[PDB]
Structure formats: structure tokens, C-alpha cells
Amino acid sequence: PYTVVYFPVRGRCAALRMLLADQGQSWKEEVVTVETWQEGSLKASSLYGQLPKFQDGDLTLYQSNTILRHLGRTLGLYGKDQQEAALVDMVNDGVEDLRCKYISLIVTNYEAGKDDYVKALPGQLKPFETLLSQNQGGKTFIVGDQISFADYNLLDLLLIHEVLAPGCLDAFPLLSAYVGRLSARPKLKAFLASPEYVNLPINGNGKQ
């Protein structure tokens, strides 16, 4: 029984929402506003004093990747053996690092920094193209035969990079087909077109 407590923004919940939609799960969205947040109660009672906070039945979770690995573990989205498990984690950590650099740019330094960042970008996208080239021609998923929680996080990451810098995936045939093929999965396709996704901004400060 799933509840997502976050700001009215896609951000660090985009990926875990795509995961839930595509696994055909329901969930509730409890929305915290900037005004409510500044009141202090929820931040004070939260583990590390941030959001997302995620309820699953009796269990309360924080940290967006802790949620991904949790859903991935509980819904069978984590490779087939212990080695694919390691390789899933490798991809997701690599996604986390580029997502961090994306956030600092968006939040702290967008205007002066976008040019440098965009220059750097193909260098940062290369490894996921490489990894796809090494896993059955890139025709499948980022790791092994099956969908893993990393796929959802790398999909979100590519989507928001196509908005920040359109055409950045054009030099990368594998990543470029991948984004279209995953988006074409019918439970994701629907969600991705639903108002519950479409009607949120990507970040909180209006930049993208």
C-alpha cells in the first residue's frame, strides 16, 4: 500500500513513479507545498529532513534510491543473479552522479553554467551507450534480459536531458532507440501521457 510524499515536482520521484506505473501498481500522492514545508513539522519529523518520504504498508522510507532498490527488490526488478545485481547497482550509481550534477546546475548555477555543462554532456552520456552496446546490441535493457529499477532511473535521466539540451541523444543510436522503446511500453506510455506526470514541472524553480 503505496504513498508518495513529495513536492509538486517530478524530480527524484519521476523514476520510482514510472516504475510503479509500469509495474501496474497503484499509489497515492500526498503533496507537500513550499509553504507547508517552511512551517517545519514535516521536515523536523523526517529522518534526514528531506523528501521524498515513501510509505509501503507499515514501512516508512526515505532516500529516492532506497525507494528504487526497495521496489526493485520487492517486485523482481534487480537482475537475475548476484552479478546482475552488482551491475544494476553500477548503472544506478552512475545515473545518480549525473543526476546530482544536473541538480546543482538547475538549482545553483543554471544561467552561467549551462554552456559548460552541455559541452560536458556527451562525455557523461557515453558510458550508458557503451553499456547498452555490450548488452545484446542494446536491444533490450541496460542490464540483462529484464527490466530493472536502473532502467527507470536512466530513462528519467535521459528524458530530462532531452529537455535541457534537445538533440543530445542524436549521436547515440542505442540510447536513442532505448528512450523510444521504453516509453512505448503500454503501461508507461499511458502514465507518461497522463495529467499526473504531464502537469508537473521537472524541478521546483521553473528551470529545465
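Throughout, we count residues from 1 along the sequence that is shown.
Higher mean CA temperature factor between 111-119 and 73-81: 111-119, per the PDB entry.
The stretch with the higher mean CA B factor, choosing between 30-38 and 177-185, is 30-38.
Of the candidates 154, 47, 68, 143, the deposited coordinates give 47 the top C-alpha B factor. The deposited CA B-factor of residue 8 belongs to the middle third of values across its chain. Among the modelled residues of its chain, residue 54 has a C-alpha B-factor that falls in the highest third, as given in the PDB entry. In the deposited entry, the Cα temperature factor of residue 159 places it in the lowest third of its chain's modelled residues.
Ranked by C-alpha B-factor against the other modelled residues of its chain, residue 61 falls in the highest third. Compared with the other modelled residues of the chain, the Cα B-factor recorded for residue 25 ranks in the highest third.
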